[PDB]
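Below is one structure, written out as structure tokens; comments come after it.
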Amino acid sequence: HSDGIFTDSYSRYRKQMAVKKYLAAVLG
Amino acid sequence: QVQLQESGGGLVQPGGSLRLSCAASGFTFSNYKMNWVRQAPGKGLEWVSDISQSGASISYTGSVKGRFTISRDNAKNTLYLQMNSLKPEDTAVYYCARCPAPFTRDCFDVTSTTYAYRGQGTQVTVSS
Amino acid sequence: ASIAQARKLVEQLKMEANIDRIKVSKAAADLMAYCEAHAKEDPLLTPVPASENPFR
Amino acid sequence: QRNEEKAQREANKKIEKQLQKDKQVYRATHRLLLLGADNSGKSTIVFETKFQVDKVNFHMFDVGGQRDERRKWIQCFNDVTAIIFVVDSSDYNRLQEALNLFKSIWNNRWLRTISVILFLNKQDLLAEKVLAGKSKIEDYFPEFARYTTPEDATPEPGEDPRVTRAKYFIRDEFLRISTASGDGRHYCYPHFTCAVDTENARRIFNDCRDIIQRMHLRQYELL
Amino acid sequence: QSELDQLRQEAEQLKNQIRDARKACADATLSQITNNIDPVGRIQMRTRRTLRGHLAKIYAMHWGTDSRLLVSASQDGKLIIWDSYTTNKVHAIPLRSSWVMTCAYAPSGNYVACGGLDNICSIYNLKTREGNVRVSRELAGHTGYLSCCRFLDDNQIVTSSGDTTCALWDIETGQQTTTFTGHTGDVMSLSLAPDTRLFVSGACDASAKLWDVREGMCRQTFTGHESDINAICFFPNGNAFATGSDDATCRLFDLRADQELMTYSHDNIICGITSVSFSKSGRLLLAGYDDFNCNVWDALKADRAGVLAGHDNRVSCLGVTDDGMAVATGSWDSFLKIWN
Amino acid sequence: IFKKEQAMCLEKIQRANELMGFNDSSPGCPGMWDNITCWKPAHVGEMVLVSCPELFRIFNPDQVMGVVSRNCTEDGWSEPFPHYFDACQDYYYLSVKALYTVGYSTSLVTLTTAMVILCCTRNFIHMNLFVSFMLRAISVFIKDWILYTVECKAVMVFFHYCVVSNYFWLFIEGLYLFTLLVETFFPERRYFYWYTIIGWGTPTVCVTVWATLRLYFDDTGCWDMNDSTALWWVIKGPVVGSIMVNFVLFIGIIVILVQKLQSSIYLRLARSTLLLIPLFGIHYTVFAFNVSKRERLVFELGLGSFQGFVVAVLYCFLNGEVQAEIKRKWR
């Protein structure tokens, strides 16, 4: 499976980016 | 309209030379095979020699290898068979036989009880 | 042996010598007359629309 | 009436069921036209004779009784999966007719794709005729001088080297007719046999297997 | 033996004077008549229905009397009669001899025929046994393969063979009623006349022979080809004969003028002809070739009326209906096609 | 994502203050949800304690932990513990996404063209394979447009159906060539009625057991974080099985082919192998093992996303009857 590994890694990364930006906007 | 006539024959001493000439009219001569087929008395029909449409592939078969040689003339509608060093066993009738269809690499004419495209032929014999 | 085929061939070719053999223009006029008499009804020469053609 | 059309559609479905059974029956059996010279051990090589090897039934369709002509009814045999040939390897007076015939089977127009098998029959009669040494091959074939044994020839223990040289010359003559215009589509598998053994139907089964495997591989262009 | 040679030379000088006499009755050609005739030019046909279902190749087909039913002759054994209007099978008759070569259809629609390689022309009854169609009458007696069979009446059947015989048969006794010998090669196809009084026969001899139906001797012998005669069919009145050869030379012979009227050859064609059967008009000839496509040619004007392509392999037989409403071709890929 | 956990613990806070607010006393500072966590109400001088919520799993995963306290004061909520931050490359992903979006698009274009021109029985399996390639490319575009809700999970189920069907369909083409070369007799086209049932009827079983066993047992997000291997291998076990069994069938076919070819040679053997790779799907066998994830994703989405174009060049536009059929519309 090759599209499944890409969609898993990309959606995990994009959630990590949004959570890091949210903990940057709240905690400075 | 397809007609085939033949010329040569006779009695020739063993060691002689002879020239068998086959003249055919009624068709286009240049675009298919030709065979020379002899008839020995007491036996069936046996095939002697083959030439293609141009003279490219020629093959002599049996015990007539080398001692005989055939060629053909497209523009004169003629087959030539030059024979050297005859034998008592070549006492035969000689028919010039034709491929049944144009532009073929195949030919079934020789071992026919009857056929439609070969003339009545000449007779060659030897002295003893 | 050859007598039977010889009498057969001279018979089948004297009948060709005793049938009135008319010109090639006469035969082509016959084919053209049959053409103009049968050009109207044939479905092959005159093409046909889908209503009166049972093969659609 | 539309109801007679409905009965016609029911008879049509029954007929299509009939054709489905006979499609499975016809694709099951492999036709094999067997032709050859007469008095060459033709019948004992196993009209229609049906023989089964490994749950596959071959319908070997010998032809006989027709007059001595081909090229009107030999075009009717182009859907077979092989063409068994049988020739006499002893009687040298008919090898040249057989060579011209199998040259004509190789290069006919509608039998190009059909790949002949070869059964050289009456084998030990050739061994006896070349042990007695009465007639030489050079009396008929002037080309036997410039030939030796091939290296892949498997000699029979207790048989002369003249036996192996004569027999493999005849095999190489037929194969030399084969490779001139064979284009990788159709091959000529040779085989020496006598009139005694009954192992031949196994060999026809193995080589009809090889012909169908090569036919499937030429469709995928792999080979 | 010398008087037999004088007999042969007598034959030669007489046919010399005859073949010079036959030229004397023909001073003009057919090319001098196509000068004031409106040509068709282009005409093409769209395939309507493709009767499919055969398991191996199609060797011959015969059209019906009502131009609705046709009969098709597979080479795996099956002999299947189709209804060409509704594109549906009517009967499927298994056979004894698998290798059929030509079938035919009754003038009353009652019986069909199967010419074989197993030397027995079988005749099957249809409308009197709607269930369990079995073999009615075998017609054993030939030695070679049977190559073309038709129905003269519903009691008389004209079968050509391979042993040059070409005999006329009666069904009720199973005996050779009238023999038409004279050939010396494989006789390939026949074509009945409208009046059922003449019929024309083409052989391996490169010659056509026109025979009566009653006396049993060769009335006419045409020649002029350089190979086999591979099919013939002829005009609806009985005075012009279209002949298809293996030299790709379609020929149109005459009975009244007695000489070969029209030859047709081309340069783009080296494939031999398998079947020629032509329309109700004197315009269209239809030929089938070995280049896998049908060629519709115009009779008096030797120009291409059209090409009917669409087959996978060699076309093996052709058929025009009685009413001209369709043209069917049957090729070696088990697919009949109907064209109008 | 923050307001819902805010709502949950504020419901806990109002429950806490209305239970403590029944008595005559009260907490000096009420309960409060801070901007990532919450605290229970208590008197002054107390120390209220809580661990951190699940956001630390993508911040630092090895403390499974951090616990944070806070104090109270009559003025207000006092200063806490070392807080939750203290206590507990995108060019590459956009490169891969651009590479396979041009790849599947050129795949879908040449496959609908080659399936127009192609429309035997081998051609039935090949036309069914081209249907599977077009379904795979369509489903990848729908997933990328939607993900980047009950429609979200349903599109992800349709996505895993199209991909698992494509890997099985490469395997069934491999089994069709290997059954044809070993059981060379017996043409049973009853097999063909079984072929679609093990090609279009097994991935429905795989993604239905996947969808049902994902609806219970941790439905999270849009089902794209796989997050647990026992729910992930229900659609990876069949695909790894299909790749490895197809590799054995490729070895069996190359043994039969070199045996027939012995009877240059090596150039014809290598040219025979090199066009059996895109049809059988052998290039997925290089990677069957998380590690080397960048190189695996580049090789199987950058140069495997042209497999539809390579197959539609090698097996419709260049080989066999189609050129004759092209001449049937040319001359």
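Here, residue 1 is simply the first one shown, and the rest follow in order.
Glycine too: its Cβ is placed from the backbone N, Cα and C atoms.
In the three-state DSSP assignment, the secondary structure recorded for F:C9 (disulfide bond) is helix. Its own atom aside, the Cβ of F:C9 (disulfide bond) has 20 Cβ atoms within 10 angstroms in the protein chains shown. The feature disulfide bond is assigned by Swiss-Prot to F:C9-F:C38 (among others), with experimental evidence given as support.
For F:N23 (among others), the entry in Swiss-Prot reads N-linked glycosylation site, with the evidence type sequence analysis. Within the same chain, no residue at least six positions away from F:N23 (N-linked glycosylation site) has a Cβ under 8 Å of its Cβ.
Swiss-Prot lists F:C29-F:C72 (among others) with the feature disulfide bond, giving experimental evidence as the kind of evidence. Under DSSP, F:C72 (disulfide bond) is assigned to a strand (E or B) in the three-state scheme. With a 10 A radius on its CB, F:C72 (disulfide bond) counts 21 other CB atoms from all the protein chains.
Swiss-Prot lists F:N35 (among others) with the feature N-linked glycosylation site. Sequence-distant contacts (6 or more apart, same chain, Cβ under 8 Å) of F:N35 (N-linked glycosylation site) comprise F:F2.
Counting every protein chain shown, the Cβ of F:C88 (disulfide bond) has 21 other Cβ atoms within 10 Å. Annotation comment: Swiss-Prot describes F:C52-F:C88 (among others) as disulfide bond.
Residues or ranges marked as N-linked glycosylation site by Swiss-Prot: F:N71 (among others). With a 10 A radius on its CB, F:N71 (N-linked glycosylation site) counts 17 other CB atoms from all the protein chains.
Taken from Swiss-Prot, the feature transmembrane segment applies to F:125-145 (among others), supported by experimental evidence.
Residues annotated as transmembrane segment in Swiss-Prot: F:150-175 (among others).
A 10 Å cutoff on Cβ-Cβ distances gives F:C152 (disulfide bond) a total of 15 other Cβ atoms nearby, all chains included. What Swiss-Prot records for F:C152-F:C222 (among others) is disulfide bond.
For the topological domain 'Cytoplasmic' (F:176-193), the residues of the chain that approach it from at least six positions outside its boundaries are 121-122, 124-125, 249, 252-253, 256, judged by C-beta separation under 8 angstroms. Marked as topological domain 'Cytoplasmic' by Swiss-Prot on the basis of a curator's inference: F:176-193.
According to Swiss-Prot, the feature transmembrane segment maps to F:194-216 (among others).
Feature annotation from Swiss-Prot assigns topological domain 'Extracellular' to F:217-228 (among others).
The feature N-linked glycosylation site is assigned by Swiss-Prot to F:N226 (among others), with sequence analysis given as support. DSSP assigns F:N226 (N-linked glycosylation site) to coil, not to a helix or a strand. Under 8 Å, Cβ to Cβ, and six or more positions away along its own chain, F:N226 (N-linked glycosylation site) finds F:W232.
The transmembrane segment annotation in Swiss-Prot covers F:229-255 (among others) and rests on experimental evidence. Remote same-chain partners of the transmembrane segment (F:229-255), defined as residues 6 or more beyond its termini with a Cβ less than 8 Å from a stretch Cβ, comprise 160, 163-164, 167-168, 170-171, 174-175, 177-178, 181-182, 202-203, 206-207, 209-210, 213-214, 217-218, 269, 272-273, 276, 280-282, 284-285, 288.
Here Swiss-Prot flags F:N290 (among others) as N-linked glycosylation site. Cβ neighbour count for F:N290 (N-linked glycosylation site): 7 (other Cβ atoms within 10 Å of its Cβ, all protein chains included). Look at F:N290 (N-linked glycosylation site): DSSP puts it in coil.
Residues or ranges marked as topological domain 'Extracellular' in Swiss-Prot: F:290-294 (among others).
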Candidates from F:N71, F:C152, F:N226 close to chain A, where recorded positions are judged by Cβ under 8 Å: F:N226
For F:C52 (disulfide bond), nearby residues of its own chain (Cβ under 8 Å, 6 or more apart in sequence): F:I36, F:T37, F:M65, F:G66, F:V67, F:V68, F:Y84, F:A87, F:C88
Top Cα neighbour of F:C222 (disulfide bond) in the set of recorded positions F:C9, F:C38, F:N71, F:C72: F:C9
Per-state residue totals over the topological domain 'Cytoplasmic' (F:176-193) - DSSP helix, strand, coil: 11 helix, 0 strand, 7 coil
Distance, F:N71 (N-linked glycosylation site) to F:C38 (disulfide bond) (CA atoms, angstrom): 13
CB within-chain contacts under 8 A for F:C29 (disulfide bond), separation at least 6: F:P41, F:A42, F:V44, F:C72, F:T73, F:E74, F:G76, F:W77
DSSP three-state assignment (helix, strand or coil) for F:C88 (disulfide bond): coil
Separation of alpha carbons, F:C9 (disulfide bond) and F:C152 (disulfide bond) (Å): 28
Integer Å distance between the CA atoms belonging to F:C9 (disulfide bond) and F:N290 (N-linked glycosylation site): 37
F:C222 (disulfide bond), number of other Cβ atoms within 10 Å: 17
Alpha-carbon spacing, F:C9 (disulfide bond) to F:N71 (N-linked glycosylation site), which is rounded to whole Å: 18
Gap length 11 residues; flanking Cα-Cα distance, F:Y148 to F:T149, Å: 14
